[PDB]
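S.K.: Take a look at this one; I'll ask things after.
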Number of protein chains: 2
Amino acid sequence: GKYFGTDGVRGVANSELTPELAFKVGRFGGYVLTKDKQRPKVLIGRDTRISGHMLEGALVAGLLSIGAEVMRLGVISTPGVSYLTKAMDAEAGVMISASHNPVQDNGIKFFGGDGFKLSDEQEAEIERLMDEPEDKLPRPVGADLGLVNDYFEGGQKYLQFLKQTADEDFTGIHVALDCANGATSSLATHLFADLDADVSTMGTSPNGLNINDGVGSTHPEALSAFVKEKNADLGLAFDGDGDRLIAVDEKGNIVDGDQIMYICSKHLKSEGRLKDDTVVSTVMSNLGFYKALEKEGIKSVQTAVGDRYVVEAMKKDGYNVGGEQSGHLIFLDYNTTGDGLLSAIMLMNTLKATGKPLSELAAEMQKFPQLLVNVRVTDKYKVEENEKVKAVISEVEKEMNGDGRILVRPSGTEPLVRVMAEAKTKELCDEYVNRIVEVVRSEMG
Amino acid sequence: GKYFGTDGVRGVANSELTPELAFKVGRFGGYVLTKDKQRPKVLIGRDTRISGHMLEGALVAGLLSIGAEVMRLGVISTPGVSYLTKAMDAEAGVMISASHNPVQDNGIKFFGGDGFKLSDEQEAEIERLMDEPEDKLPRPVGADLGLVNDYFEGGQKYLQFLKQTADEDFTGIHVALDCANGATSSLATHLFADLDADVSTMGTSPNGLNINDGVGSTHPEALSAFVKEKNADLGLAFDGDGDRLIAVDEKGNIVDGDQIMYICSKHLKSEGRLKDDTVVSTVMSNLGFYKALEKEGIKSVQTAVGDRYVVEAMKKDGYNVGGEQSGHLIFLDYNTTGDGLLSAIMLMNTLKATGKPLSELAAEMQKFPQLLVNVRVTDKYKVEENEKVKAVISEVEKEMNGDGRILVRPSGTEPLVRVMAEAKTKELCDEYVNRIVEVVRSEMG
């Protein structure tokens, strides 16, 4: 009915995301991808979550009961699953994980031959079957049955590829890594050490219970302190599945996905590699990202939140680069989903080639301050129109005239409305927001 | 209701023995064995059957959804599973296989802590649960979930143990091996080669479709020809799971489980190791086995067909050795189920120590000829009594007076009765059987 959301199937493993269901998934989904040849070739990959194994076995059982030849990969980032499912011309690819969420949660994700999430048509049918109450799909027996050749060497192919996209070894750089105790634990540390960089690690020590546990892109303050401690040049914080990246500069400060997009797209434009010198990004990006983009003559396209949209955009118009503030950047020259380590290597290429420190590079793009004030109200949904509100906003919008931005939306969870303001400084934020907030409390209370 | 038969659960994999059911098994059975500690320790092992993997994954999924720490072993004979489940003090042990059957079939088998099939009480409850239609067993989540550490090194521990029970290396012996393309493929050939024996192989080349395919204990004629071809001293034919053994002498002839029991128990008695110098065996054994046993002053106990009974017997009365004509011999000094390779090493110990060739040793025990004649009849079940039949038999029984044996039983499959006769020679068989057969056709036709 509705198993496949944004990020595939998710639940708390065993309770909601039962192995029964991870069976039905691989069984039916392997049927759907079976329409080509009698013997599809799914490959499957997972992070360090303890539920990993339980799901991987039930999923592979499903796949094998409908003839699919199956290639376990072991622990590997979602990037590497997509890269390999393309490079090995495999009918599909699967990733058991639930990036950056806590360990108890997990999820199944699918990739097609091309390295892209499955067509909404396909997922459609997978769900069609998963609600019939008769498993009338074929049951091959004897020699028709699925086959299963492990391929734990997959990892070092996706390593072998990342290693070629580094414009020279990184000698002379001290990098700290925090790998969320996840799929990137063993991949990253081999990579940057095989690229001749002084690596200092942390969060690289998974036990299947510690993924994303005060480490990783979502919790970068540990890494913030570790950089200063080990006095490194920068810190990289991947998340659970190796699909995001948040950096940290020698000064200890955080370097979100807008600043990484800025930094990298700018370097890329200096090699002629930025395609039509444009960059896709989402609403969520910070006004000062668009400002410093103009300043470097890089144009931009905005899309709605979520990388199905940011990738929908780069596809048609053939764009080279696109990203989110989350740290989720796509370099389509190289791979078809967000790739933490790719991001990180592009960032290091920048650093090496410019001899600047990460603080300097990220200072070109100046973030605008934000401000949120939430006011409790009687009837939060009647703010869509108002004889005052609706007006106030518009005036302040024009008063700002490109140097600012306002956003007022009612909450779901509660009975209050959220006023929010980008401005060039903290005191303009304060002025503007207070204005709107006043004409709201006039109505409600 | 009735899933656990003699040899565990069996079916044709996927069609009857579905992965769904191999899930319910490990889930419920891991509950039943969970009553001790919150974190049982099942270990699991399989043969080369292609359905192996599919079942192993669904089974491990079950086990993990109820907290069991689980130890994959890979491919290993059922012997080695039992040996290890004892030596590692593990709550249970599991073997996915269906020995000597064709590849399409498979099966789940259970062993307790002690190395013995599970108590009929336990299997009882496993089935109790498997027919409730509500999976109300706990669903641990987060850190309670199952854990899974592979242990593919298990194999070479059970090797390390077999290698100690060989009374000296086997230098100077040429042995041919036929391992049914099964679990014993890699174990045997390392073993006898690490014991310094000239090994010539066959059936050692599994691809998950060729198990028991004109090789192995059930189909020994290939091996019969191979021994003569490679002019070896003897041939060993294990079956799919490494639980049986049939030998073949340098002359090419077959050496069934009665002759191996004779040969080995006799050697053992010569080391004082045969306990109370007795040997357990089943009805199925050949009169001349009992004769040559008397001749060497070894006493004997008979039990009904099947090793649950042959082991029930050695348990109470503390017997050292017991076997079946199948090749399924138990040496309880050393292990708790039938052990093909153990048998084989005991046989080689005999050979080495006596310097005799296998033909000579197996000639001490002289088999009596058998004869079967099946007569079609009108009402095959009224032969339990007869005014002629019942008499004829009894007379011929006493006429034989210990030198013979008769057995007449009606068939199920068809409408006819089966007359059968052991005698000292082929022409006594012919006489005796013809007598009975005559007084049967008198009635029926």
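Chain labels follow the order of the structure tokens: the first chain is A, the next B, and so on; residue numbering restarts at 1 in every chain, and ligands are counted from 1 in their shown order.
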Which chain B residues have any atom within 8 Å of an atom of chain A, and for each, what is the nearest pair of atoms with distance in Å to one decimal, counting only C-alpha atoms, rows sorted by chain and number, as JSON lines?

M.R.:
```
{"residue": "B:12", "atom": "CA", "partner": "A:141", "partner_atom": "CA", "distance": 7.4}
{"residue": "B:13", "atom": "CA", "partner": "A:141", "partner_atom": "CA", "distance": 6.3}
{"residue": "B:14", "atom": "CA", "partner": "A:141", "partner_atom": "CA", "distance": 6.0}
{"residue": "B:15", "atom": "CA", "partner": "A:139", "partner_atom": "CA", "distance": 6.1}
{"residue": "B:19", "atom": "CA", "partner": "A:61", "partner_atom": "CA", "distance": 6.5}
{"residue": "B:20", "atom": "CA", "partner": "A:20", "partner_atom": "CA", "distance": 8.0}
{"residue": "B:50", "atom": "CA", "partner": "A:147", "partner_atom": "CA", "distance": 6.8}
{"residue": "B:51", "atom": "CA", "partner": "A:145", "partner_atom": "CA", "distance": 7.0}
{"residue": "B:53", "atom": "CA", "partner": "A:148", "partner_atom": "CA", "distance": 7.4}
{"residue": "B:54", "atom": "CA", "partner": "A:61", "partner_atom": "CA", "distance": 4.7}
{"residue": "B:55", "atom": "CA", "partner": "A:61", "partner_atom": "CA", "distance": 6.9}
{"residue": "B:56", "atom": "CA", "partner": "A:57", "partner_atom": "CA", "distance": 7.9}
{"residue": "B:57", "atom": "CA", "partner": "A:57", "partner_atom": "CA", "distance": 4.1}
{"residue": "B:58", "atom": "CA", "partner": "A:58", "partner_atom": "CA", "distance": 5.1}
{"residue": "B:60", "atom": "CA", "partner": "A:57", "partner_atom": "CA", "distance": 6.8}
{"residue": "B:61", "atom": "CA", "partner": "A:54", "partner_atom": "CA", "distance": 4.7}
{"residue": "B:62", "atom": "CA", "partner": "A:19", "partner_atom": "CA", "distance": 7.7}
{"residue": "B:64", "atom": "CA", "partner": "A:54", "partner_atom": "CA", "distance": 6.1}
{"residue": "B:65", "atom": "CA", "partner": "A:14", "partner_atom": "CA", "distance": 6.5}
{"residue": "B:103", "atom": "CA", "partner": "A:142", "partner_atom": "CA", "distance": 6.4}
{"residue": "B:104", "atom": "CA", "partner": "A:142", "partner_atom": "CA", "distance": 4.0}
{"residue": "B:105", "atom": "CA", "partner": "A:142", "partner_atom": "CA", "distance": 7.5}
{"residue": "B:139", "atom": "CA", "partner": "A:15", "partner_atom": "CA", "distance": 6.1}
{"residue": "B:140", "atom": "CA", "partner": "A:14", "partner_atom": "CA", "distance": 7.0}
{"residue": "B:141", "atom": "CA", "partner": "A:14", "partner_atom": "CA", "distance": 6.0}
{"residue": "B:142", "atom": "CA", "partner": "A:104", "partner_atom": "CA", "distance": 4.0}
{"residue": "B:143", "atom": "CA", "partner": "A:209", "partner_atom": "CA", "distance": 6.5}
{"residue": "B:145", "atom": "CA", "partner": "A:51", "partner_atom": "CA", "distance": 7.0}
{"residue": "B:146", "atom": "CA", "partner": "A:50", "partner_atom": "CA", "distance": 7.6}
{"residue": "B:147", "atom": "CA", "partner": "A:50", "partner_atom": "CA", "distance": 6.8}
{"residue": "B:148", "atom": "CA", "partner": "A:53", "partner_atom": "CA", "distance": 7.4}
{"residue": "B:209", "atom": "CA", "partner": "A:143", "partner_atom": "CA", "distance": 6.5}
```

S.K.: What lies within 12 Å of residue 119 (chain A) using only C-alpha atoms, ignoring chain neighbours under 5 positions off, as a VMD selection string?

M.R.: chain A and resid 4 32 to 33 92 110 to 114 124 to 126 308

S.K.: Can those selected residues be exported to a file as a short mmCIF file (atom, residue, chain, number, x, y, z; two decimals), in the first residue's frame so that it contains N, CA, C and O atoms?

M.R.:
```
data_model
loop_
_atom_site.label_atom_id
_atom_site.label_comp_id
_atom_site.auth_asym_id
_atom_site.auth_seq_id
_atom_site.Cartn_x
_atom_site.Cartn_y
_atom_site.Cartn_z
N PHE A 4 7.15 2.12 0.14
CA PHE A 4 8.26 2.87 -0.43
C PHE A 4 8.02 4.37 -0.32
O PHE A 4 7.33 4.96 -1.15
N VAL A 32 9.83 -8.14 -10.02
CA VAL A 32 9.57 -7.00 -10.88
C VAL A 32 10.75 -6.73 -11.79
O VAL A 32 10.59 -6.33 -12.94
N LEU A 33 11.95 -6.92 -11.27
CA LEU A 33 13.17 -6.69 -12.04
C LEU A 33 13.58 -7.90 -12.84
O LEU A 33 14.64 -7.89 -13.47
N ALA A 92 19.83 -4.53 -10.70
CA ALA A 92 19.47 -3.62 -9.62
C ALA A 92 20.51 -3.65 -8.52
O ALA A 92 21.52 -4.34 -8.62
N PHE A 110 16.35 0.85 -3.09
CA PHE A 110 16.59 0.21 -4.38
C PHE A 110 17.20 1.16 -5.40
O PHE A 110 16.84 2.33 -5.45
N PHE A 111 18.09 0.61 -6.24
CA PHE A 111 18.64 1.30 -7.39
C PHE A 111 18.47 0.47 -8.64
O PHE A 111 18.66 -0.75 -8.62
N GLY A 112 18.18 1.13 -9.75
CA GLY A 112 18.06 0.45 -11.01
C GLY A 112 19.40 0.21 -11.67
O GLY A 112 20.47 0.47 -11.12
N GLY A 113 19.32 -0.31 -12.91
CA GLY A 113 20.52 -0.57 -13.67
C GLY A 113 21.40 0.66 -13.80
O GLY A 113 22.61 0.59 -13.62
N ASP A 114 20.77 1.81 -14.07
CA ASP A 114 21.44 3.07 -14.37
C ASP A 114 22.07 3.74 -13.15
O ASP A 114 22.76 4.75 -13.32
N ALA A 124 5.52 0.97 -7.92
CA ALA A 124 4.09 0.77 -7.97
C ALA A 124 3.76 -0.71 -7.95
O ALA A 124 3.00 -1.18 -7.09
N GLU A 125 4.32 -1.47 -8.90
CA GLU A 125 3.94 -2.87 -8.99
C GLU A 125 4.42 -3.66 -7.77
O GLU A 125 3.71 -4.55 -7.28
N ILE A 126 5.63 -3.40 -7.31
CA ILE A 126 6.12 -4.04 -6.10
C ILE A 126 5.07 -3.93 -4.99
O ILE A 126 4.73 -4.91 -4.30
N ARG A 308 15.48 13.54 -5.06
CA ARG A 308 14.76 13.15 -6.27
C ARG A 308 14.53 14.39 -7.13
O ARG A 308 14.68 14.33 -8.35
#
```

S.K.: Which residues come within 8 Å of region 81-84 of chain A, counting only C-alpha atoms, excluding same-chain residues fewer than 5 positions away, as a list in words?

M.R.: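 Counting only the stated atoms, we get residues 43, 44, 45, 76, 93, 94, 95, 111, 115, 116, 154, 158, 335, 336 and 337 of chain A.
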
S.K.: My list of candidates is B:203, B:8, B:306, B:80. Which is closest to residue 108 (chain B) when distances are computed with only C-alpha atoms?

M.R.: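 The shortest atom-to-atom distance to residue 108 (chain B) comes from B:8.
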
S.K.: In Å to one decimal, how far is CA of residue 410 (chain A) from CA of residue 437 (chain A)?

M.R.: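 These atoms are spaced 12.9 Å apart.
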
S.K.: Quick one: pull the distance between CA of residue 389 (chain A) and CA of residue 369 (chain A), Å, one decimal.

M.R.: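 It comes out at 22.4 Å.
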
S.K.: Residues near residue 392 (chain A), anyone? I mean within 12 Å using only C-alpha atoms, not counting same-chain ones fewer than 3 positions away, as a list in words.

M.R.: residues 385, 386, 387, 388, 389, 395, 396, 397, 398, 399, 406, 408, 432, 433, 434, 435, 436, 437, 438, 439 and 440 of chain A

S.K.: Write the residues you've just listed into a file as a tab-separated table (two decimals), in the first residue's frame, and include N, CA, C and O atoms for each of them.

M.R.:
```
chain	number	residue	atom	x	y	z
A	385	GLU	N	-4.48	34.08	4.97
A	385	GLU	CA	-4.84	35.45	4.64
A	385	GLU	C	-4.99	36.24	5.93
A	385	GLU	O	-5.34	35.69	6.98
A	386	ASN	N	-4.73	37.54	5.83
A	386	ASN	CA	-5.05	38.42	6.93
A	386	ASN	C	-4.99	39.86	6.50
A	386	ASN	O	-4.13	40.26	5.70
A	387	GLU	N	-5.91	40.64	7.06
A	387	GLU	CA	-6.00	42.05	6.77
A	387	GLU	C	-4.80	42.83	7.29
A	387	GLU	O	-4.70	44.03	7.04
A	388	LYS	N	-3.90	42.18	8.03
A	388	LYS	CA	-2.70	42.86	8.50
A	388	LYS	C	-1.50	42.06	8.01
A	388	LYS	O	-0.85	42.47	7.04
A	389	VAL	N	-1.27	40.90	8.60
A	389	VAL	CA	-0.25	39.93	8.30
A	389	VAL	C	0.14	39.92	6.84
A	389	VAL	O	1.29	40.21	6.48
A	395	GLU	N	5.19	44.09	2.56
A	395	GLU	CA	5.94	45.33	2.69
A	395	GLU	C	7.38	45.03	3.05
A	395	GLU	O	8.31	45.64	2.51
A	396	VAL	N	7.58	44.11	4.00
A	396	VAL	CA	8.91	43.83	4.49
A	396	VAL	C	9.69	43.08	3.44
A	396	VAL	O	10.91	43.20	3.34
A	397	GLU	N	9.00	42.30	2.65
A	397	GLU	CA	9.64	41.65	1.52
A	397	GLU	C	10.26	42.69	0.62
A	397	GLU	O	11.47	42.63	0.32
A	398	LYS	N	9.46	43.70	0.22
A	398	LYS	CA	9.96	44.76	-0.69
A	398	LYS	C	10.97	45.69	0.00
A	398	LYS	O	11.96	46.11	-0.62
A	399	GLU	N	10.73	46.03	1.28
A	399	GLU	CA	11.71	46.74	2.08
A	399	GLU	C	13.06	46.05	2.07
A	399	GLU	O	14.10	46.70	2.03
A	406	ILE	N	11.71	36.08	3.94
A	406	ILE	CA	10.82	35.85	5.06
A	406	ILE	C	10.04	34.60	4.76
A	406	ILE	O	9.82	34.23	3.61
A	408	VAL	N	6.77	32.44	6.76
A	408	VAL	CA	5.84	32.23	7.86
A	408	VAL	C	5.01	31.03	7.50
A	408	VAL	O	4.28	31.05	6.50
A	432	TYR	N	12.66	43.01	11.55
A	432	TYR	CA	11.67	42.44	10.63
A	432	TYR	C	10.78	41.42	11.32
A	432	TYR	O	9.54	41.47	11.21
A	433	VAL	N	11.39	40.46	12.00
A	433	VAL	CA	10.59	39.42	12.62
A	433	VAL	C	9.68	40.02	13.67
A	433	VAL	O	8.51	39.64	13.77
A	434	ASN	N	10.20	40.94	14.49
A	434	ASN	CA	9.35	41.54	15.51
A	434	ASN	C	8.14	42.21	14.89
A	434	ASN	O	7.02	42.08	15.39
A	435	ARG	N	8.34	42.91	13.78
A	435	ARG	CA	7.21	43.52	13.08
A	435	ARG	C	6.10	42.51	12.81
A	435	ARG	O	4.94	42.67	13.25
A	436	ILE	N	6.44	41.46	12.07
A	436	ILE	CA	5.44	40.45	11.72
A	436	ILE	C	4.82	39.84	12.98
A	436	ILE	O	3.60	39.62	13.06
A	437	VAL	N	5.65	39.53	13.96
A	437	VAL	CA	5.18	38.85	15.16
A	437	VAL	C	4.18	39.71	15.90
A	437	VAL	O	3.26	39.19	16.56
A	438	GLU	N	4.36	41.02	15.84
A	438	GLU	CA	3.45	41.94	16.49
A	438	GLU	C	2.09	41.87	15.83
A	438	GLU	O	1.06	41.69	16.51
A	439	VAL	N	2.06	41.96	14.49
A	439	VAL	CA	0.75	41.93	13.85
A	439	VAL	C	0.11	40.55	13.90
A	439	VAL	O	-1.05	40.39	13.51
A	440	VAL	N	0.85	39.53	14.31
A	440	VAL	CA	0.21	38.24	14.55
A	440	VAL	C	-0.42	38.19	15.93
A	440	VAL	O	-1.59	37.84	16.09
```

S.K.: Tell me, which residues of region 228-385 of chain A carry DSSP strand (DSSP E or B), written as a PDB file with N, CA and C atoms, in the first residue's frame?

M.R.:
```pdb
ATOM      1  N   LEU A 234      41.689  19.932   8.489  1.00  0.00           N
ATOM      2  CA  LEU A 234      40.246  19.896   8.369  1.00  0.00           C
ATOM      3  C   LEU A 234      39.723  18.540   8.812  1.00  0.00           C
ATOM      4  N   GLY A 235      38.454  18.507   9.058  1.00  0.00           N
ATOM      5  CA  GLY A 235      37.771  17.320   9.500  1.00  0.00           C
ATOM      6  C   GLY A 235      36.661  17.024   8.516  1.00  0.00           C
ATOM      7  N   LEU A 236      36.433  15.756   8.277  1.00  0.00           N
ATOM      8  CA  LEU A 236      35.388  15.285   7.398  1.00  0.00           C
ATOM      9  C   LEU A 236      34.472  14.457   8.271  1.00  0.00           C
ATOM     10  N   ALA A 237      33.180  14.716   8.207  1.00  0.00           N
ATOM     11  CA  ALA A 237      32.210  13.933   8.939  1.00  0.00           C
ATOM     12  C   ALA A 237      31.208  13.419   7.937  1.00  0.00           C
ATOM     13  N   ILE A 246      29.898  16.652   6.043  1.00  0.00           N
ATOM     14  CA  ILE A 246      30.010  17.955   6.660  1.00  0.00           C
ATOM     15  C   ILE A 246      31.464  18.160   7.032  1.00  0.00           C
ATOM     16  N   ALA A 247      32.021  19.287   6.679  1.00  0.00           N
ATOM     17  CA  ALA A 247      33.421  19.457   6.983  1.00  0.00           C
ATOM     18  C   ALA A 247      33.544  20.285   8.241  1.00  0.00           C
ATOM     19  N   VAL A 248      34.785  20.463   8.664  1.00  0.00           N
ATOM     20  CA  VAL A 248      35.129  21.246   9.835  1.00  0.00           C
ATOM     21  C   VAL A 248      36.496  21.842   9.585  1.00  0.00           C
ATOM     22  N   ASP A 249      36.636  23.139   9.782  1.00  0.00           N
ATOM     23  CA  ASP A 249      37.883  23.788   9.396  1.00  0.00           C
ATOM     24  C   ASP A 249      38.869  23.769  10.556  1.00  0.00           C
ATOM     25  N   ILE A 254      32.048  24.675  11.578  1.00  0.00           N
ATOM     26  CA  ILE A 254      31.336  23.741  10.734  1.00  0.00           C
ATOM     27  C   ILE A 254      31.152  24.386   9.388  1.00  0.00           C
ATOM     28  N   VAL A 255      31.050  23.530   8.374  1.00  0.00           N
ATOM     29  CA  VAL A 255      31.154  23.908   6.971  1.00  0.00           C
ATOM     30  C   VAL A 255      30.091  23.144   6.217  1.00  0.00           C
ATOM     31  N   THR A 278      26.675  26.250 -13.904  1.00  0.00           N
ATOM     32  CA  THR A 278      25.503  26.352 -13.052  1.00  0.00           C
ATOM     33  C   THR A 278      25.535  25.234 -12.011  1.00  0.00           C
ATOM     34  N   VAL A 279      24.685  25.405 -10.999  1.00  0.00           N
ATOM     35  CA  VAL A 279      24.627  24.577  -9.807  1.00  0.00           C
ATOM     36  C   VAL A 279      23.180  24.499  -9.364  1.00  0.00           C
ATOM     37  N   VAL A 280      22.704  23.290  -9.208  1.00  0.00           N
ATOM     38  CA  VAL A 280      21.359  23.043  -8.713  1.00  0.00           C
ATOM     39  C   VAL A 280      21.396  22.962  -7.211  1.00  0.00           C
ATOM     40  N   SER A 281      20.319  23.405  -6.587  1.00  0.00           N
ATOM     41  CA  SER A 281      20.236  23.429  -5.137  1.00  0.00           C
ATOM     42  C   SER A 281      18.779  23.638  -4.769  1.00  0.00           C
ATOM     43  N   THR A 282      18.495  23.557  -3.478  1.00  0.00           N
ATOM     44  CA  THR A 282      17.117  23.509  -3.029  1.00  0.00           C
ATOM     45  C   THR A 282      16.771  24.803  -2.343  1.00  0.00           C
ATOM     46  N   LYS A 299      25.828  30.523 -12.278  1.00  0.00           N
ATOM     47  CA  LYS A 299      24.389  30.719 -12.264  1.00  0.00           C
ATOM     48  C   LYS A 299      23.776  29.623 -11.416  1.00  0.00           C
ATOM     49  N   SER A 300      22.463  29.670 -11.199  1.00  0.00           N
ATOM     50  CA  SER A 300      21.892  28.636 -10.355  1.00  0.00           C
ATOM     51  C   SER A 300      20.434  28.327 -10.670  1.00  0.00           C
ATOM     52  N   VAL A 301      20.057  27.099 -10.314  1.00  0.00           N
ATOM     53  CA  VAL A 301      18.711  26.560 -10.447  1.00  0.00           C
ATOM     54  C   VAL A 301      18.254  26.115  -9.062  1.00  0.00           C
ATOM     55  N   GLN A 302      17.037  26.488  -8.685  1.00  0.00           N
ATOM     56  CA  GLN A 302      16.471  26.076  -7.414  1.00  0.00           C
ATOM     57  C   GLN A 302      15.383  25.042  -7.637  1.00  0.00           C
ATOM     58  N   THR A 303      15.315  24.075  -6.732  1.00  0.00           N
ATOM     59  CA  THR A 303      14.328  23.014  -6.784  1.00  0.00           C
ATOM     60  C   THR A 303      13.824  22.739  -5.378  1.00  0.00           C
ATOM     61  N   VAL A 321      26.566  19.397 -11.289  1.00  0.00           N
ATOM     62  CA  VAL A 321      26.708  19.534  -9.861  1.00  0.00           C
ATOM     63  C   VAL A 321      25.389  20.013  -9.305  1.00  0.00           C
ATOM     64  N   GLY A 322      25.046  19.521  -8.144  1.00  0.00           N
ATOM     65  CA  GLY A 322      23.835  19.902  -7.442  1.00  0.00           C
ATOM     66  C   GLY A 322      23.968  19.367  -6.035  1.00  0.00           C
ATOM     67  N   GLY A 323      23.235  19.990  -5.113  1.00  0.00           N
ATOM     68  CA  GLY A 323      23.455  19.653  -3.723  1.00  0.00           C
ATOM     69  C   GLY A 323      22.335  20.083  -2.807  1.00  0.00           C
ATOM     70  N   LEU A 329      25.728  16.186  -1.760  1.00  0.00           N
ATOM     71  CA  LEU A 329      26.075  16.742  -3.054  1.00  0.00           C
ATOM     72  C   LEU A 329      26.238  15.674  -4.122  1.00  0.00           C
ATOM     73  N   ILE A 330      25.759  15.983  -5.321  1.00  0.00           N
ATOM     74  CA  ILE A 330      25.845  15.103  -6.478  1.00  0.00           C
ATOM     75  C   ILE A 330      26.817  15.666  -7.491  1.00  0.00           C
ATOM     76  N   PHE A 331      27.774  14.890  -7.881  1.00  0.00           N
ATOM     77  CA  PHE A 331      28.668  15.234  -8.969  1.00  0.00           C
ATOM     78  C   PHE A 331      28.363  14.212 -10.054  1.00  0.00           C
ATOM     79  N   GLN A 370      19.704  33.930  10.343  1.00  0.00           N
ATOM     80  CA  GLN A 370      18.316  33.508  10.411  1.00  0.00           C
ATOM     81  C   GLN A 370      17.730  33.859  11.768  1.00  0.00           C
ATOM     82  N   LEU A 371      16.417  33.902  11.823  1.00  0.00           N
ATOM     83  CA  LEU A 371      15.775  34.076  13.113  1.00  0.00           C
ATOM     84  C   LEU A 371      14.419  33.407  13.048  1.00  0.00           C
ATOM     85  N   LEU A 372      14.099  32.662  14.084  1.00  0.00           N
ATOM     86  CA  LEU A 372      12.814  32.016  14.222  1.00  0.00           C
ATOM     87  C   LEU A 372      12.184  32.559  15.482  1.00  0.00           C
ATOM     88  N   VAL A 373      10.928  32.945  15.386  1.00  0.00           N
ATOM     89  CA  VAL A 373      10.088  33.186  16.545  1.00  0.00           C
ATOM     90  C   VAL A 373       8.770  32.485  16.282  1.00  0.00           C
ATOM     91  N   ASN A 374       8.312  31.718  17.262  1.00  0.00           N
ATOM     92  CA  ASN A 374       7.097  30.936  17.157  1.00  0.00           C
ATOM     93  C   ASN A 374       6.123  31.539  18.131  1.00  0.00           C
ATOM     94  N   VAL A 375       4.939  31.875  17.653  1.00  0.00           N
ATOM     95  CA  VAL A 375       3.954  32.496  18.524  1.00  0.00           C
ATOM     96  C   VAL A 375       2.766  31.576  18.608  1.00  0.00           C
ATOM     97  N   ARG A 376       2.317  31.354  19.839  1.00  0.00           N
ATOM     98  CA  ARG A 376       1.114  30.584  20.072  1.00  0.00           C
ATOM     99  C   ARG A 376      -0.071  31.430  19.647  1.00  0.00           C
TER     100      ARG A 376
END
```

S.K.: I'd like to know which of A:185, A:286, A:413, A:165 is closest to residue 347 (chain A), using only C-alpha atoms.

M.R.: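 Of A:185, A:286, A:413, A:165, the one nearest residue 347 (chain A), counting only C-alpha atoms, is A:165.
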
S.K.: Got a sec: who's within 9 Å of residue 215 (chain B), counting only C-alpha atoms, leaving out chain neighbours fewer than 6 positions off, as a ChimeraX atom specification?

M.R.: /B:178-181,202-203,221-223,237-239

S.K.: Residues at most 8 Å from residue 284 (chain A), counting only C-alpha atoms, excluding those fewer than 5 positions away in the same chain, as a list in words?

M.R.: residues 305, 324 and 325 of chain A

S.K.: For residue 343 (chain A), which residue among A:79, A:67, A:172, A:404 is the nearest when counting only C-alpha atoms?

M.R.: A:79

S.K.: For residue 271 (chain B), which residue out of B:159, B:350, B:382, B:5 is the nearest one, using only C-alpha atoms?

M.R.: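 Looking only at the distances to residue 271 (chain B), the closest residue turns out to be B:350.
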